[PDB]
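**Student:**
Residue numbers (this note's numbering), protein chains in the order written: chain A, 908 to 973; chain B, 908 to 973; chain C, 7 to 73; chain D, 2 to 66.
This is how it looks when you write it as structure tokens:
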């Protein structure tokens with residue numbers, strides 16, 4: 908049952924990968940807004956970062972169900 | 908035949924997504940207390956960060972059992 | 007009997023997971039380098055970098071998902 | 002014979018929970034280090050964060066083997 912092994916395991920590496928690509932975009936945004944906080948140090952920019960991360964996990968939550 | 912492959916793969920993708928988003932809920936706290944230590948330079952908030960990552964991680968470990 | 011197959015298969019599941027997460031960790035570690043750069047210096051040129059770097063990380067990740 | 006699937010799912014659930022906790026450890030290390038370079042902006046901490054990130058990725062590299 909190697910067709911089973913091959914199909915299943917190659918497809919799986921694919922999905923782990925894609926999901927990562929997404930958690931990476933998000934993280935990216937977290938990093939850029941975080942850099943903005945670094946440059947300015949603004950409770951404002953921090954509430955911004957909060958709202959972002961919140962919409963990001965809103966997105967993930969969404970996707971994880973399907 | 909293939910219908911079983913289908914079912915297994917989907918449950919797999921889901922599991923990934925669940926685990927990832929749980930990580931993202933964690934990354935969240937980590938980012939925001941990080942932004943705090945950015946803004947106030949707190950040695951106390953440094954401790955708060957260390958403490959919170961410690962416990963967050965332990966709460967990560969306790970899922971793998973099962 | 008069955009247990010043999012099952013074992014091998016889970017094994018390579020854990021394998022592919024380990025490999026892809028080490029890749030994400032390499033991306034993240036670059037991210038941390040330029041981010042700390044911003045911490046110590048606070049030059050915005052560095053924010054232009056960081057943008058470019060995240061972008062090419064997610065770029066290559068899309069590129070890998072496309073086997 | 003769905004019980005095959007049953008075992009397989011529990012196992013993978015496990016496997017992934019675990020791989021994520023191993024990466025999370027090194028992130029925590031990197032966050033301890035980053036917070037301390039925030040307080041004290043020393044190239045010392047800089048080069049030393051490089052070293053730790055390094056230990057982590059290689060630990061995980063050999064691990065795939």
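Ideal Cβ positions, reconstructed from N, Cα and C, are used throughout, including at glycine.
Is residue 910 of chain A helix, strand or coil when you go by DSSP?
**Tutor:** Reduced to three states, the DSSP call for residue 910 of chain A is helix.
**Student:** Take the Cβ of residue 910 of chain A as the centre, count every other Cβ of all protein chains shown within 10 Å, and call the residue buried at 16 or more, exposed below.
**Tutor:** Counting Cβ neighbours within 10 Å, residue 910 of chain A comes out exposed, since fewer than 16 surround it.
**Student:** Once DSSP output is grouped into helix, strand and coil, what is the label at residue 60 of chain D?
**Tutor:** Three-state result, residue 60 of chain D: helix.
**Student:** Taking the C-alpha atoms as reference points, what is the distance between residue 30 of chain D and residue 23 of chain D?
**Tutor:** For residue 30 of chain D and residue 23 of chain D, the distance between alpha carbons rounds to 11 Å.
**Student:** Between the C-alpha atoms of residue 908 of chain B and residue 21 of chain C, what's the straight-line distance to the nearest angstrom?
**Tutor:** Spanning the two alpha carbons is a distance of roughly 26 Å.
**Student:** Should residue 952 of chain B go down as buried or exposed, given a rule of 16 or more other Cβ atoms within 10 Å for buried?
**Tutor:** Burial call: buried.
**Student:** Figure out for me which residue from C:19, C:54, C:24 has the closest Cα to the Cα of residue 60 of chain D.
**Tutor:** Minimum Cα distance to residue 60 of chain D is reached at C:24.
**Student:** Can you tell me whether residue 947 of chain A is helix, strand or coil according to DSSP?
**Tutor:** Residue state, collapsed to three classes: helix.
**Student:** If you measure from the beta carbon of residue 928 of chain B to each beta carbon in chain A, is any gap under 7 Å?
**Tutor:** By this cut-off, residue 928 of chain B is an interface position.
**Student:** Short of 7 Å Cβ to Cβ, which residues in the segment 58 to 72 of chain C face chain A?
**Tutor:** Taking 7 Å as the Cβ-Cβ cut-off against chain A, the residues of the segment 58 to 72 of chain C that qualify are 60, 63, 64, 67, 68, 70, 71.
**Student:** On the three-state DSSP scale, how would you describe residue 66 of chain D?
**Tutor:** The answer is coil: DSSP assigns residue 66 of chain D none of H, G, I, E or B.
**Student:** Given a cut-off of 7 Å on the beta-carbon distance, is the pair residue 1000 of chain A and residue 971 of chain B in contact?
**Tutor:** No statement about residue 1000 of chain A is possible, as the shown extent of chain A runs from 908 to 973 and does not include it.
**Student:** When burial is assigned at 16 or more other CB atoms within 10 Å of the CB, is residue 57 of chain D buried or exposed?
**Tutor:** Its Cβ being crowded by 16 or more others within 10 Å, residue 57 of chain D is buried.
**Student:** With distances taken Cα to Cα, identify the nearest neighbour of residue 940 of chain B among A:916, A:933, A:919, A:956.
**Tutor:** Looking at the Cα atoms, A:956 is the closest of the given residues.
**Student:** Answer with yes or no whether the minimum CB distance from residue 39 of chain D to chain B is below 7 Å.
**Tutor:** True, the Cβ-Cβ gap to chain B drops below 7 Å.
**Student:** Does the Cβ of residue 20 of chain D have 16 or more other Cβ atoms within 10 Å, making it buried, or fewer, making it exposed?
**Tutor:** It is buried - the Cβ of residue 20 of chain D has at least 16 other Cβ atoms within 10 Å.
**Student:** Output yes if chain B places a C-beta closer than 7 Å to the C-beta of residue 12 of chain D; else output no.
**Tutor:** It does not: the Cβ of residue 12 of chain D has no partner Cβ on chain B nearer than 7 Å.
**Student:** With distance defined between alpha-carbon atoms, name the residue in B:948, B:960, B:932 nearest to residue 959 of chain A.
**Tutor:** With distances taken between Cα atoms, residue 959 of chain A lies closest to B:932.
**Student:** Does the beta carbon of residue 18 of chain D come closer than 7 Å to any beta carbon on chain C?
**Tutor:** With 7 Å as the cut-off, residue 18 of chain D does not count as an interface residue toward chain C.
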